[PDB]
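Encoded as structure tokens, the structure appears first; notes follow it.
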Amino acid sequence: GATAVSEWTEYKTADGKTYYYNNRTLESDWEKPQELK
């Protein structure tokens with residue numbers, strides 16, 4: 428999230444993987460959501 432980010436908070440694992448956590452349903456998914464893609 429260098430510029431664009433909505434209600435999600437992405438987190439990164441050391442091996443170079445982001446996972447976007449949606450604060451609406453507490454749902455964490457690696458794949459960029461339609462609201463952010």
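Numbering (the authors' numbering), first residue to last: 428 to 464. Each residue gets a CB set at the ideal place from its N, CA and C atoms; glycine is no exception.
Proximity below 8 Å, CB of residue i to CB of residue j
i, j, result
"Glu454", "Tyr446", "no"
"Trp435", "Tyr448", "yes"
Range of the contiguous beta strand (DSSP E) that encloses residue i
i, result
"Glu462", "Unbroken run through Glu462: none, as it is neither H nor E."
"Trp435", "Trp435 to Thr440"
"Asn449", "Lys444 to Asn449"
Neighbourhood of residue i by C-beta, 7 Å cutoff - its chain only, sequence neighbours within 5 removed
i, result
"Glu462", "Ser433"
Beta bridge counterpart(s) of residue i as assigned by DSSP
i, result
"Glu454", "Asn449"
Beta-carbon contacts of residue i that lie in its chain and below 6 Å, excluding the five residues immediately before and after
i, result
"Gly428", "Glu437"
Same chain only: Cβ atoms within 8 Å of residue i, ignoring 5 sequence neighbours per side
i, result
"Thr440", "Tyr446"
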